[PDB]
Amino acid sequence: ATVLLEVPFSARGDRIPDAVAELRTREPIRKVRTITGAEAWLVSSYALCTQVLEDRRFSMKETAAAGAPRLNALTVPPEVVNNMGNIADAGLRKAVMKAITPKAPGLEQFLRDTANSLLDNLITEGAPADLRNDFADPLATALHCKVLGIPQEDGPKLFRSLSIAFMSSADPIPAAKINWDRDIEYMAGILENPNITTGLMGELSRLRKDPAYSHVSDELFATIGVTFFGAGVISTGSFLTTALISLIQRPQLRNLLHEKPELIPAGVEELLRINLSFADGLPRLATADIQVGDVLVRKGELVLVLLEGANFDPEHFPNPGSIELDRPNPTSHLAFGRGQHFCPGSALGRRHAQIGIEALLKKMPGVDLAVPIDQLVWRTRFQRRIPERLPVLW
């Protein structure tokens, strides 16, 4: 006898398990067991993944309900699950969106300067360099301090919460609450700090004292700051890191993008499509009985939308494992989700990776792994797939 198929399949972010394609072909929605012991429906075809993400009866916010089957334990207060919904309800969506676009004056120049400085320091210190801890993550952290309008020197301490905050754990995590409460107190202080007048926290600080927002809670304002810094940093840092591995693994692509930098946006779009940075499917709770493929999903059941299921589906992306810069449907991947909860940071995330890669290829055109790829150490029971260190030479 055998037990029910368990998720996740593998913490390795450098290759997709052969199992995904077999599953997609034979059972593109099927029952699995999560690390909590709960049952869930795993959805792995492009067609069924988009169906679920485009049907609001598959609810994000209801995943936080007491007694629901769980993918993993909450690491935040249940209100945080619906942070974007609460932002919308408070009348803050347009202002938040505007604050996190990469189009702010001087932001792209800032990103370029920061990337080049990080890379110069690596070159000075001499190979091997760790491109995650000493390039991609610090670039993400610096970017988000700038976008939030908070001091650069505060970045590292906020960053160190994240190795716990974005755990994917069977059980509640005591350190997560300690760090969450501390970070909320920090952001509350930021809102009271008269020197904070730019970026997202600058704008929130202004709106907080505007009569049109006098009944928006200080808890929500602080929560937006902690949530957007943390989710933005973990998402951009982890994506850029695993995109760099994909690029290093492809010397011909690396050379083409070095030679023709104008192709980098199209390269980044394919790197997004093939990216394995999400460690778990996106969870949703059914709020009605809903037919998905051959399965009638029942009210109250957990559904997991497997992003690499959709994104490597050959029916939608022929030769899915290949980076092709001339696809006719290049942004139709699900790396930023789809529907009601489409990532509001998508433009910023694109620009972070484009500028990071452009700088790296200019400074280190000969970049290569300094260790056999199997020697990368993949973080386990985490919401992202990332190597603990990314040693390179050039």
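All residue numbers are counted from 1 along the displayed sequence.
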Averaging only over Cα atoms, indicate whether 91 to 99 or 130 to 138 has the higher B-factor in the PDB entry.
-> 91 to 99
Would 119 to 127 or 216 to 224 have the larger average of its C-alpha temperature factors, as given in the entry?
-> 119 to 127
Among 110, 159, 278, 312, where is the Cα temperature factor highest, going by the PDB entry?
-> 110
Can you pull the Cα B-factors for 259, 270, 171, 183 from the entry and say which is highest?
-> 259
Third of chain Cα B-factors occupied by residue 39 | lowest
Cα B factor band for residue 300 (lowest, middle or highest third within the chain) | middle
Hey, what third does residue 366 fall into on Cα B-factor, ranked over its chain?
-> highest
Within-chain third of residue 393 by Cα B-factor, per the entry = middle
Give the position of residue 25 by CA B-factor within its chain, expressed as the lowest, middle or highest third.
-> highest
